[PDB]
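In what follows, a single structure is set out as structure tokens and then discussed.
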Amino acid sequence: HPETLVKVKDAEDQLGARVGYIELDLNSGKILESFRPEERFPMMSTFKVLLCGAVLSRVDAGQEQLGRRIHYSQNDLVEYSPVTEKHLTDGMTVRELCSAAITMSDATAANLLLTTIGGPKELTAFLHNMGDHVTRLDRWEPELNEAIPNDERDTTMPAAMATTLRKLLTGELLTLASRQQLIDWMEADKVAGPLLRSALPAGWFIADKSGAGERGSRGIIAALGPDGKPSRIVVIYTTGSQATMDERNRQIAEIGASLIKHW
Ligand SMILES: *C(=O)[C@H]([C@@H](C)O)[C@H]1CC(SCCNC=N)=C(C(=O)O)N1
Ligand SMILES: [K+]
Ligand SMILES: [K+]
Ligand SMILES: [K+]
Ligand SMILES: [K+]
Ligand SMILES: [K+]
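What follows is the structure in structure tokens.
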């Protein structure tokens, strides 16, 4: 609904920065509403969903096991590793790492998982192979969050990310067991509460992944819908703002409040 575009452009104004937005019908793939849908924005942590999608594709192909245990050390820990920092002694399994990477947005977990698939080049090759010729991961945590103006490294476009999430959550790309596992990790959450979830009505479903990087970058990707089932995909990214995290979170929550109201 155009009233949501009023809020999205108001958010750009309030934040003094670019906001990218897209609302997609999950079943049909139809773009219902958009703003700067084909401009690039840093993915930040939202890439972790794509990463675990690739991991699950490997699991399906018999090239990985969710129960495989990965051992790491203090040497491996990067900034923001709330879960991995507690398991240095006995390690964590692949399943546990994706749960950490998605529900807590653990950065070290993402790096360990990236290593299992062959690094950024392989995640990018996975995306290209699934029809996403835009989204690219080029670096590891923490550098991938640099958000350098006009830099195409580690970026996606709202339309591309929305289309990719749709394929991951509904396409024959993954087995049903794997699709649901990805959805289960996205439904769980300990960090995106101030975002779309703060505007979600009781009874509604939401599977999401947020992100925050340098230079004011902030974003979220999500599949949500009434009556416990997802029916639309929403992608929101912003970069360039000097606003506080609370201010950026509120704008994303208000964009969510609008799209829900006009559903
Ligand atoms: C992803 O965008 C980053 C990166 C460090 O992996 C992480 C860190 C953060 S902000 C720290 C805690 N978040 C919220 N309480 C996020 C994030 O999305 O908020 N992901
Ligand atoms: K429209
Ligand atoms: K555009
Ligand atoms: K160790
Ligand atoms: K989540
Ligand atoms: K949210």
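The sequence shown runs 26 to 238, 240 to 252, 254 to 290 under PDB author numbering. The beta-carbon is built from N, C-alpha and C at its ideal position, and this holds for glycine as well.
Worksheet item: Hey, residue 11 and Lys73: beta-carbon distance below 8 Å or not?
Response: In the structure as shown, the chain begins at 26 and stops at 290. Residue 11 is therefore absent and cannot be evaluated.
Worksheet item: Could you give the C-beta distance for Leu137 and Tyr105, rounded to a whole number, given that I count them as a contact under 8 Å?
Response: Residue numbering aside, residue 137 sits at position 112 when the sequence shown is read from its first letter. Residue numbering aside, residue 105 sits at position 80 when the sequence shown is read from its first letter. In fact, because the Cβ distance is near 14 Å, the residues do not count as touching under 8 Å.
Item to complete: Could you tell me the boundaries of the alpha helix (DSSP H) in which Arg277 lies?
Response: Your numbering for residue 277 matches position 250 in the sequence shown. Unbroken alpha helix (DSSP H) run through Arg277: 272 to 288.
Fill in: Closest by C-alpha distance to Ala213, when choosing among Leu139, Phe230, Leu30
Here residue 213 corresponds to residue number 188 of the sequence shown, with the count starting at 1. Measuring from the Cα of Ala213, the nearest candidate turns out to be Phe230.
Worksheet item: Thinking just about the alpha-carbon of each residue, which of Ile95, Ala184, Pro67 is nearest to the one in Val262?
Response: Residue mapping note: residue 262 aligns to position 235 of the sequence shown, counting from 1. Comparing Cα-Cα distances from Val262 to each of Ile95, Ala184, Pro67, the minimum goes to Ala184.
Discussion item. Is any non-hydrogen atom of ligand 3 found closer than 7 Å to the C-beta of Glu63, if you look at the structure I gave you?
Written reply: Residue numbering aside, residue 63 sits at position 38 when the sequence shown is read from its first letter. Correct: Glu63 has its Cβ closer than 7 Å to ligand 3.
Worksheet item: Does ligand 2 have a heavy atom nearer than 7 Å to the CB of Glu240?
Response: As a first step, residue 240 is located in the sequence shown; it is residue number 214 there, counting from the start. No; taking the cut-off as 7 Å, the Cβ of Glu240 has no heavy atom of ligand 2 nearer than that.
Worksheet item: Taking 7 Å as the cut-off, does the CB of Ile127 come closer than this to any heavy atom belonging to ligand 5?
Response: The sequence position of residue 127 within the sequence shown is 102, counting from 1. Yes, Cβ of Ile127 sits closer than 7 Å to a heavy atom of ligand 5.
Item to complete: Mark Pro27 as exposed unless 16 or more other C-beta atoms lie within 10 angstroms of its C-beta, in which case mark it buried.
Response: As a working note, residue 27 is residue 2 in the sequence shown. With fewer than 16 Cβ atoms within 10 Å of its Cβ, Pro27 is classed as exposed.
Worksheet item: ligand 2 heavy atoms versus the CB of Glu28: any closer than 7 Å?
Response: Position 3 of the sequence shown holds residue 28. Because no heavy atom of ligand 2 lies under 7 Å away, the Cβ of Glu28 does not count as near it: no.
Discussion item. Given 7 Å as the limit, tell me if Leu49 has its C-beta closer than that to any heavy atom belonging to ligand 8.
Written reply: Among the ligands modelled here, namely ligand 1, ligand 2, ligand 3, ligand 4, ligand 5 and ligand 6, ligand 8 does not occur.
Worksheet item: So, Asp179 versus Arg191, is the Cβ gap smaller than 8 Å?
Response: Taking the first residue of the sequence shown as 1, we reach residue 179 at position 154. Taking the first residue of the sequence shown as 1, we reach residue 191 at position 166. Pairing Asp179 with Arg191 gives a Cβ-Cβ distance that is not under 8 Å.
Worksheet entry | Length-filtered (4 minimum) alpha helix (DSSP H) runs lying within the stretch 140 to 207 | 145 to 154, 183 to 195
Item to complete: Could you pull the start and end residues of the alpha helix (DSSP H) that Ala79 belongs to?
Response: For the purposes of this step, residue 79 is taken as residue 54 along the sequence shown, with counting starting at 1. Per DSSP, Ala79 belongs to the alpha helix (DSSP H) from 72 to 85.
Fill in: Stretch-stretch touch, CB-based, cutoff 8 Å, three pairs: the stretch 59 to 77 with the stretch 85 to 99
With a cut-off of 8 Å, the stretch 85 to 99 and the stretch 59 to 77 do not count as touching, because too few Cβ pairs lie within range.
Fill in: Three CB pairs or more closer than 8 Å across the stretch 148 to 158 and the stretch 217 to 232
no
Worksheet item: Just to confirm, are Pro219 and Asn170 a CB contact at a threshold of 8 Å?
Response: In the sequence shown, counting from the first residue as 1, residue 219 sits at position 194. In the sequence shown, counting from the first residue as 1, residue 170 sits at position 145. Result no, Cβ atoms of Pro219 and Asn170 do not sit closer than 8 Å.
Worksheet item: Apart from the five residues just before and just after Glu177, which ones in its own chain have a Cβ nearer than 8 Å to its Cβ?
Response: Residue 177 sits at position 152 when you count from the first residue of the sequence shown. The residues are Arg65, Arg161.
Fill in: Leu137 Cβ short of 7 Å to ligand 4 heavy atom set
If you number the sequence shown from 1, residue 137 lands on position 112. For ligand 4, not one heavy atom lies less than 7 Å from the Cβ of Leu137.
Worksheet item: Got a sec: does ligand 6 put a non-hydrogen atom nearer than 7 Å to the Cβ of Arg259?
Response: As a first step, residue 259 is located in the sequence shown; it is residue number 232 there, counting from the start. Outside the cutoff, so no.
Fill in: Helix, strand or coil at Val44 according to DSSP, with G and I counted as helix
Reading the sequence shown from its first residue, position 19 is the one you call residue 44. It is a strand residue.
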